[PDB]
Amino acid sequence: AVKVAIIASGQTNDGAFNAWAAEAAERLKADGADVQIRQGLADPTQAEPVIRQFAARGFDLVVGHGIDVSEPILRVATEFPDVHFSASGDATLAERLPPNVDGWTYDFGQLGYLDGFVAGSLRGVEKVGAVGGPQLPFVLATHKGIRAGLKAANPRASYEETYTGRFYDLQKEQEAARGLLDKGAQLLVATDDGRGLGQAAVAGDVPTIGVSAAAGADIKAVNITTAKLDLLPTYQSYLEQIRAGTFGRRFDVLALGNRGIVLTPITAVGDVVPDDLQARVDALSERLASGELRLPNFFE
């Protein structure tokens, strides 16, 4: 049994980024991993001693989930040359990996693109509304992605978006979503938490895309799907590397083309979801894998 510790930036009950690592880690138990998870460690002064403690106790693999945990991972890695570490970040992380650290990245714009593409693939949805949080560069990039994905799959659809200015302000998110609904949105896309948007959607009988998996049953019932990271192949590769003695300096991109970004199991909502939605997304992924389709940089 390989002993694995996951050190998460936020809360694994978020039904989103941190839950994605927790779910991959749960599935990794079938590959012979014994897993411990610690949450809420975005603060590097808190993360570094926890990481050190797992390494000192003889864990085989210590995984820092989220860019905020990356620097502590890289620092402690230098102390334990025979322990294996993982960190996440931007493309520049590849440069900065000690011999015993694997790194990974993904592009926010691609999550947006898949949401928008799914939105444009639906039946009878000509008006789409999206609600995000603060207008930070990665959020604006995500939204530029949505617009592009939607234009690709349905160039006739119209699109409006609203920003709450905040992370995880469900009350403002709900209000923003209701405003788009009142103006005529036939689908609501969440780029932040989504639980507030989900409430507004239920009140107006419209489907959603992107809402947190931690939402209640009534809200989950209207969420067609959500674009997410599948970390399981990456984690499986870590175990294989450790078993073969080849761990270190791998740099993985999780993307649509390689199924690092995928959909959650699709829910049919109303009659807007085509029977072949998954096939359409699979074909999109194949076009990206081949380079038939190339996506712009969605950042300014």
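Note that residue numbering follows the sequence shown and begins at 1.
#### Entry: Greater mean Cα temperature factor according to the PDB record, 129-137 or 150-158
Mean CA B-factor is higher for 150-158.
### Task
Tell me which of 201-209 and 117-125 has the higher mean C-alpha B-factor in the deposited entry.
On average, C-alpha B-factors are higher across 117-125.
### Task
Go through 195, 228, 96, 143 one by one and give the residue whose Cα B-factor in the PDB entry is largest.
In the PDB entry, the greatest C-alpha B-factor among 195, 228, 96, 143 is found at 96.
### Residue, from 220, 84, 178, 75, that the PDB entry assigns the highest Cα B-factor
Of the candidates given, the C-alpha B-factor peaks at 220.
#### Entry: residue 237 by Cα B-factor - lowest, middle or highest third of the modelled chain
For residue 237, whose C-alpha B-factor we compare with every modelled residue in the chain, the answer is the lowest third.
### Query
What third of its chain's C-alpha B-factors does residue 248 belong to: lowest, middle or highest?
Its C-alpha B-factor belongs to the lowest third of this chain's values.
### Message
Can you tell me whether residue 184 has a C-alpha B-factor in the lowest, middle or highest third compared with the other modelled residues of the same chain?
### Response
Highest third - that is where residue 184 ends up once the chain's C-alpha B-factors are sorted.
### Task
Name the third of the chain's ranked CA B-factors that contains residue 264, choosing lowest, middle or highest.
Tercile = middle for this residue's CA B-factor.
### Query
Thinking about Cα B factors across the chain, which third does residue 66 belong to?
Its C-alpha B-factor belongs to the lowest third of this chain's values.
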